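Asks: Fold the following and give me the result.
(2 chains)
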Protein chains: 2
Amino acid sequence: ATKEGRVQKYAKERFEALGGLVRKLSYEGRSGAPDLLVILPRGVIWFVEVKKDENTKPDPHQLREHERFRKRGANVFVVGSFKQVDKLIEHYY
Amino acid sequence: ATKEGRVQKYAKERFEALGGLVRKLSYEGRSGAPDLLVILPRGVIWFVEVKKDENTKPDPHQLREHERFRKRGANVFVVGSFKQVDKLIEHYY
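Replies: Numbers count the residues shown, from 1 in each chain, chains lettered A, B, ... in the order given. Provided below are the atomic coordinates:
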């Protein structure tokens, strides 16, 4: 697809293999929502932003939105390659 | 505003008074997302659907989506009056 699209599809497949529900998120009347909402068993909720490669940072409005979430304790992760998806699961799940 | 709009605004204000971040949610290319994502301190995540009155049930696609979330342990609540917002906070927070 697109590079970003391929990483997103892999992530979706890995999370669904763990029993997770994956949704593509957007906000009504606001930008900056994380690309994926991931609902994993036992009430684990992850918000995952997907980028095209490991050197691509999220844009400024995205970064401020991730920090608003994390200040309150929410799980927000950024991945930009298949390896990063694999490390996220290994280390955080 | 609309009845549903007034309850939604009250809910937003009550959650923001607890330190919460409130967002109006939508999905890309899918319907049925809960009306509100609420991120409360200490990583508490609530999805809240708001209706115009206490007798209005969510539509069928919404109900199936709430159950997909709750099967995995997520917090999904439906409120349709100011009193229900108040009871939700009293009982669940």
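
Asks: Give me the contact status of stretch A:68-78 with chain B.
Replies: Yes - Stretch A:68-78 lies within reach of chain B by C-beta under 8 Å from any C-beta of the partner chain, at A:68-69, A:72-75. For the C-beta atoms, the positions are set from N, CA and C on the backbone; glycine is no exception.

Asks: which outside residues touch that stretch?
Replies: A:34, A:44-51, A:58, A:66, A:88, A:92, B:19-21, B:39-45 (C-beta atoms under 8 Å, 6 or more residues apart in numbering or on different chains).

Asks: Could you tell me which residues of chain A lie near chain B?
Replies: Counting by C-beta under 8 Å from any C-beta, chain A sits next to chain B at A:19-21, A:23-30, A:33, A:39-45, A:68-69, A:72-75.

Asks: Just these: which are in strands?
Replies: Under the assignment DSSP state E, the residues of chain A next to chain B contribute A:21, A:23-27, A:39-40, A:44-45, A:75 to strands.

Asks: and the longest helix for chain A?
Replies: As assigned by DSSP state H, the longest helix anywhere in chain A is helix A:3-17.

Asks: Next, the angle from that one to strand A:21-27.
Replies: Interaxial angle of helix A:3-17 relative to strand A:21-27 (axes from the mean of the first three to the mean of the last three C-alpha atoms, to 10 degrees): 130 degrees.

Asks: Show me what counts as buried in helix A:3-17.
Replies: Residues of helix A:3-17 classed as buried: A:7-8, A:10-12, A:14-15 (neighbour count, 16 or more other C-beta atoms under 10 Å in any protein chain shown).

Asks: Which one of the residues you listed is nearest to residue A:84?
Replies: residue A:7 (8.0 Å; C-beta to C-beta).
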